[PDB]
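Subsequent text provides structure tokens for two forms of one protein chain, presented individually as structure 1 and structure 2.
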Structure 1
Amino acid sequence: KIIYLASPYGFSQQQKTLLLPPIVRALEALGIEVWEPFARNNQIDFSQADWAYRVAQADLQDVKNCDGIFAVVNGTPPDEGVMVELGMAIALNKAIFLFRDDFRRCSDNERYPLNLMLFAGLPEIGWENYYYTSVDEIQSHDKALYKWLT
């Protein structure tokens, strides 16, 4: 099972080094094969003008070929690149999992923590089971990633 790991964390040197590996490892510990686009497609700096299109199509192909997206949606607002990747995944009926350990709210509605469009690929009732608020919660057996694999 393949999870595309969409995040803004590859943009900060400290975040790329410290925040992503514990997330990657939590997902692998479930049995998941993890596609992390920043390393997988080598976007390590302000992309040169002649490599940007290639980087874009590579990330696009991974979203089309994965089985689920694990979208890190921290920030005010969530990262625009993550959001494009999230909309692709929804449109392609891929499995959808959201991660937000940022306690700030950035929402246009009183029902969801974020803009209601991010949850358009999640059920009306138990969308909370797909919404992870802590790295240590990724392992949880009562949450939709585990049940997705079992």
Structure 2
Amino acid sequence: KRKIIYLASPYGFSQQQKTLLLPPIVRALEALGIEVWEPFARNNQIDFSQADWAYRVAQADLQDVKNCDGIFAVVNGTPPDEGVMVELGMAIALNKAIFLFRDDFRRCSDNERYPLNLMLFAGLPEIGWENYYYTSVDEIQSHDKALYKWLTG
């Protein structure tokens, strides 16, 4: 009954980023009563002596995306992370809730409407997509943006 957010990000690949950037985002989401599924913690911390470990991580992330209610995708970087992008496309196709996070002020784009490749916004409305687009950790709990509105009906 508690809504589940899959927190897709590249922050687990860097020690500093994993330790310092992910917990404030997890906490902002948990403070809204969300059950946060963070895949590096949930799925990558495995026995890497097993020949099949990478396949198993992929399948676990896949199943989590299928079972979540929404994705909160950290799309920082030039370009955004290729694994996050796969998960985002999965979420779009599965009609999950979609929320994007980018506090990187660079633009990496093929168009004038969006700060990123237009296909990242294919699951968002033509008008008002900005309401689903978070540019700071402090913005996540805003009652005037889409994540909070989704939680309150």
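We call the rigid core the largest set of C-alpha positions that still match within 1.5 Å between the two forms. Residues that one form lacks are left out of the comparison. When a residue number appears, read it as a position in the sequence of structure 1, where counting begins at 1.
Considering only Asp108, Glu33, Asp50, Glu124, single out the residue whose C-alpha is displaced by at least 2 Å between structure 1 and structure 2 after superposing the rigid core. The only residue crossing the 2 Å threshold is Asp50.
Where the rigid core has been superposed, how far does the Cα of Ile23 end up moving between structure 1 and structure 2, given in Å? Displacement of the C-alpha, rigid core superposed: 0.1 Å.
Listed by sequence position, which runs of three or more consecutive residues have C-alpha shifts of 2 Å or more between structure 1 and structure 2, the rigid core held fixed? Three-plus residue run displaced between structure 1 and structure 2: 42 to 50, uniquely.
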